[PDB]
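Trainee: Right, I'll just put the structure down here and ask away after.
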Amino acid sequence: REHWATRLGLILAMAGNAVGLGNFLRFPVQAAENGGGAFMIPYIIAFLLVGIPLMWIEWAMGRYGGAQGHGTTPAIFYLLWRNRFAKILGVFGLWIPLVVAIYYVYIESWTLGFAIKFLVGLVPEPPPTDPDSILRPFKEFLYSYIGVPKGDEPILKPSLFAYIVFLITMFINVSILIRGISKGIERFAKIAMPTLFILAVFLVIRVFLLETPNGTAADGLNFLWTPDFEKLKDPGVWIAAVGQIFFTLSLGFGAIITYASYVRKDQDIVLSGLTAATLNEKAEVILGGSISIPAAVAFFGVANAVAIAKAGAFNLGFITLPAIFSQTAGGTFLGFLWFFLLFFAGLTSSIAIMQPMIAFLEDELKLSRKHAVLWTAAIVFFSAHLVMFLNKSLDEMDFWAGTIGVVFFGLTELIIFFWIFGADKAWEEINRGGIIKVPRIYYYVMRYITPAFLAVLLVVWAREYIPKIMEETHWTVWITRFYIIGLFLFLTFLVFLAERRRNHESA
Ligand SMILES: CCCCCCCCO[C@@H]1O[C@H](CO)[C@@H](O)[C@H](O)[C@H]1O
Ligand SMILES: CCCCCCCCO[C@@H]1O[C@H](CO)[C@@H](O)[C@H](O)[C@H]1O
Ligand SMILES: CCCCCCCCO[C@@H]1O[C@H](CO)[C@@H](O)[C@H](O)[C@H]1O
Ligand SMILES: CCCCCCCCO[C@@H]1O[C@H](CO)[C@@H](O)[C@H](O)[C@H]1O
Ligand SMILES: CCCCCCCCO[C@@H]1O[C@H](CO)[C@@H](O)[C@H](O)[C@H]1O
Ligand SMILES: CC(C)C[C@H](N)C(=O)O
Ligand SMILES: [Cl-]
Ligand SMILES: [Cl-]
Ligand code: NA
Ligand code: NA
């Protein structure tokens, strides 16, 4: 099997796994929609009860499976629970990454397209005071990029440049992955992670220099970091906080497990996982949290910045921030650094959610790496056409795989690992090779607190929110549901094909 060459390269590839578009696009939206500081308290708690333990559990599962030549959950779940239903539950560990990748790479390709257009100065020209006259040209710029529907039909019509930049973006992701783990994902993380930290800090600095009649960047920092204990009783904030923690640390996407299956059997995972998790949080709450919201609060005030964040998941990042930057000297180049930052943010994360499908093809179907990467890309490139052309197809995928699915699968992999396999055998397998040991209190969090926390959460979804999504959406949502359900069917057939190759090989 292939291995991470260096300790540092493993951490940067794991941090590059986690530090992505969620740090800089999703976290600002999720924080502002939910009252700023009121969001932080459930966010910090969820990090301590959910994010940290699941990080360790997935590192253990990956490394455990990797010592037996398996990197994906269809095989690893069976290694933990010898039962066909573990193989079937394991398909989610391929389905969730592949579904999420279908829409993540596309959004990643926007930032590459926006970066190119901002670098070359092919950007809108706001008329030099009215905010709408400054924002509308950038709303119209993004809407023309992805092709937001102008009539009644739910059809997207992306620009030719967007589609070509998507092909370019895929080609960029293939070029890294086809070189492997050590000569591909690892080498690129040693380059991208410094680049990304540098850019973010500079932007944080430049945003902190913003002052207008409506406020300063400190006003956004106070809004984000001022508690509001009157919201701790809202199931929505807790749902939003735990869903963010999952998304940001790459938990429930089968990606950490696959990356961890390339860690040598003896090597530490306790300090490693903690560092990468600690890295991703600094990336959000310090860097991601200090760019979008302070800048939006700085030009518009808190209430309008909150209103901007509630308008959509991309308004703040693809419309508001460049519009804000367009009012400052060299703001076009500042936009380029912003969208170039997002491109390495997503690229280090898109290669992470595409490695599982590759690993499954190499490990379980014995495909060469070249063929495993290329077939994986072909699967993503084709499938992405559903996200590109059907309005709100992206949303449905992010909900079922990137929102519901990761919390379901996260609870699934904890029970399989830490209950069925055995809590004590799991505790042993987490701490083995540990440069440090997992604190004794976390054994009781993993066995009892975390699974009940998620169980209650998933029950609040299933009763109070999902009924609106099964009955109050446009009929076209079943087009995406049908496709992603058939995608699951296809992956199980591969699993079935992988256990039949294993019966003929042993014979
Ligand atoms: C069922 C279709 C399977 C894949 C066919 C993809 C067709 C891509 O079509 C292309 O889309 C671009 C963006 O709108 C346009 O700029 C081009 O005119 C068009 O050739
Ligand atoms: C990174 C290189 C990407 C090259 C994409 C070329 C897409 C060409 O596309 C064309 O470009 C013209 C000039 O801007 C536009 O007027 C047209 O709308 C567009 O069809
Ligand atoms: C669900 C994935 C398939 C959707 C992409 C299909 C691309 C359709 O292609 C479209 O054909 C039209 C007439 O032929 C042209 O007006 C457009 O230029 C072109 O975008
Ligand atoms: C999943 C649905 C997304 C598909 C994108 C629809 C592209 C709309 O393109 C349509 O293609 C039709 C057949 O070629 C033509 O009759 C029309 O000229 C054209 O409007
Ligand atoms: C619910 C999650 C709590 C996370 C905070 C744990 C802080 C670690 O706590 C420490 O753990 C050590 C090893 O068990 C002990 O030696 C110390 O008594 C204890 O202070
Ligand atoms: C699906 C994951 C790779 C997402 C990534 N952890 C992010 O925060 O952007
Ligand atoms: Cl364009
Ligand atoms: Cl219709
Ligand atoms: Na993240
Ligand atoms: Na990343």
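Residue numbering restarts at 1 in every chain; chains get A, B, ... in the order shown in the structure tokens, and ligands count up from 1 in that same order.
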Which residues form the shell of 9 Å around ligand 8 when you count only C-alpha atoms and all ligand atoms, given as a PyMOL selection string?
Mentor: chain A and resi 152-155+475-476
Trainee: So that I have them on file, write out the residues from the current selection with C-alpha atoms, as a short mmCIF file (atom, residue, chain, number, x, y, z; two decimals), in the first residue's frame.
Mentor:
data_model
loop_
_atom_site.label_atom_id
_atom_site.label_comp_id
_atom_site.auth_asym_id
_atom_site.auth_seq_id
_atom_site.Cartn_x
_atom_site.Cartn_y
_atom_site.Cartn_z
CA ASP A 152 -40.10 30.17 -14.74
CA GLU A 153 -38.22 27.07 -15.85
CA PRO A 154 -35.76 25.70 -13.23
CA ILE A 155 -32.98 25.55 -15.84
CA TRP A 475 -41.03 18.67 -8.39
CA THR A 476 -37.53 18.78 -9.94
#
Trainee: Please write out the residues within 7 Å of ligand 10 as an mmCIF file with N, CA and C atoms, in the first residue's frame, counting only C-alpha atoms and all ligand atoms.
Mentor:
data_model
loop_
_atom_site.group_PDB
_atom_site.id
_atom_site.type_symbol
_atom_site.label_atom_id
_atom_site.label_comp_id
_atom_site.auth_asym_id
_atom_site.auth_seq_id
_atom_site.Cartn_x
_atom_site.Cartn_y
_atom_site.Cartn_z
ATOM 1 N N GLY A 16 -5.345 20.258 4.876
ATOM 2 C CA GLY A 16 -5.887 20.632 3.580
ATOM 3 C C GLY A 16 -7.136 19.854 3.226
ATOM 4 N N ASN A 17 -7.271 18.643 3.763
ATOM 5 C CA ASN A 17 -8.540 17.933 3.678
ATOM 6 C C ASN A 17 -9.648 18.752 4.332
ATOM 7 N N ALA A 18 -9.402 19.239 5.548
ATOM 8 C CA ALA A 18 -10.469 19.850 6.329
ATOM 9 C C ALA A 18 -10.634 21.330 6.006
ATOM 10 N N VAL A 19 -9.531 22.066 5.899
ATOM 11 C CA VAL A 19 -9.597 23.502 5.644
ATOM 12 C C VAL A 19 -9.984 23.707 4.183
ATOM 13 N N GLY A 20 -11.208 24.141 3.943
ATOM 14 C CA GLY A 20 -11.727 24.280 2.593
ATOM 15 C C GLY A 20 -12.794 25.354 2.512
ATOM 16 N N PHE A 344 -7.446 27.258 -3.741
ATOM 17 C CA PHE A 344 -6.645 26.280 -3.009
ATOM 18 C C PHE A 344 -7.396 25.734 -1.804
ATOM 19 N N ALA A 345 -8.318 26.515 -1.239
ATOM 20 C CA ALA A 345 -9.156 25.994 -0.166
ATOM 21 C C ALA A 345 -9.970 24.801 -0.649
ATOM 22 N N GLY A 346 -10.612 24.938 -1.811
ATOM 23 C CA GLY A 346 -11.422 23.851 -2.330
ATOM 24 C C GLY A 346 -10.623 22.745 -2.981
ATOM 25 N N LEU A 347 -9.499 23.087 -3.614
ATOM 26 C CA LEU A 347 -8.723 22.082 -4.335
ATOM 27 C C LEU A 347 -8.107 21.069 -3.381
ATOM 28 N N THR A 348 -7.568 21.530 -2.250
ATOM 29 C CA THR A 348 -7.060 20.598 -1.251
ATOM 30 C C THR A 348 -8.170 19.780 -0.608
ATOM 31 N N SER A 349 -9.414 20.253 -0.663
ATOM 32 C CA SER A 349 -10.536 19.493 -0.127
ATOM 33 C C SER A 349 -11.218 18.626 -1.177
ATOM 34 N N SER A 350 -11.224 19.053 -2.443
ATOM 35 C CA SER A 350 -11.863 18.247 -3.479
ATOM 36 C C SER A 350 -11.068 16.979 -3.761
#
Trainee: For the structure I just gave you, how does DSSP split stretch 254-331 of chain A - specifically, which residues are helix (DSSP H, G or I)? Reply as an NGL selection string.
Mentor: :A and (255-260 or 270-290 or 292-300 or 302-311 or 315-325 or 331)
Trainee: Could the residues of chain A that have an atom at most 7 Å from ligand 3 be listed as JSON lines, each with its closest atom pair and the distance in Å to one decimal, counting only C-alpha atoms and all ligand atoms and ordered by chain and ascending residue number?
Mentor:
{"residue": "A:157", "atom": "CA", "partner": "ligand 3", "partner_atom_place_in_ligand_line": "20 (O)", "distance": 6.3}
{"residue": "A:385", "atom": "CA", "partner": "ligand 3", "partner_atom_place_in_ligand_line": "2 (C)", "distance": 4.5}
{"residue": "A:386", "atom": "CA", "partner": "ligand 3", "partner_atom_place_in_ligand_line": "1 (C)", "distance": 4.5}
{"residue": "A:389", "atom": "CA", "partner": "ligand 3", "partner_atom_place_in_ligand_line": "4 (C)", "distance": 5.3}
{"residue": "A:390", "atom": "CA", "partner": "ligand 3", "partner_atom_place_in_ligand_line": "1 (C)", "distance": 6.7}
Trainee: Would you mind listing, for every residue of chain A within 6 Å of ligand 1, the two atoms forming the shortest contact and the distance between them in Å to one decimal, using only C-alpha atoms and all ligand atoms, sorted by chain and ascending residue number, as CSV?
Mentor:
residue,atom,partner,partner_atom_place_in_ligand_line,distance
A:157,CA,ligand 1,14 (O),5.1
A:158,CA,ligand 1,14 (O),4.6
A:159,CA,ligand 1,13 (C),5.2
A:160,CA,ligand 1,16 (O),3.5
A:163,CA,ligand 1,13 (C),5.4
Trainee: Just write the chosen residues, N, CA and C atoms, as a PDB file, in the first residue's frame.
Mentor:
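See again.pdb below for the written result:
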ATOM      1  N   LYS A 157     -28.206  27.971 -17.095  1.00  0.00           N
ATOM      2  CA  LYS A 157     -27.509  28.119 -18.372  1.00  0.00           C
ATOM      3  C   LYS A 157     -26.138  28.718 -18.082  1.00  0.00           C
ATOM      4  N   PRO A 158     -25.171  27.894 -17.666  1.00  0.00           N
ATOM      5  CA  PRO A 158     -23.847  28.426 -17.318  1.00  0.00           C
ATOM      6  C   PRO A 158     -23.114  28.956 -18.540  1.00  0.00           C
ATOM      7  N   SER A 159     -22.261  29.948 -18.303  1.00  0.00           N
ATOM      8  CA  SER A 159     -21.479  30.537 -19.381  1.00  0.00           C
ATOM      9  C   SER A 159     -20.444  29.546 -19.902  1.00  0.00           C
ATOM     10  N   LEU A 160     -20.058  29.729 -21.169  1.00  0.00           N
ATOM     11  CA  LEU A 160     -19.054  28.857 -21.773  1.00  0.00           C
ATOM     12  C   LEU A 160     -17.756  28.873 -20.977  1.00  0.00           C
ATOM     13  N   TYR A 163     -18.062  26.514 -17.893  1.00  0.00           N
ATOM     14  CA  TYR A 163     -17.963  25.095 -18.219  1.00  0.00           C
ATOM     15  C   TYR A 163     -16.530  24.707 -18.555  1.00  0.00           C
TER      16      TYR A 163
END
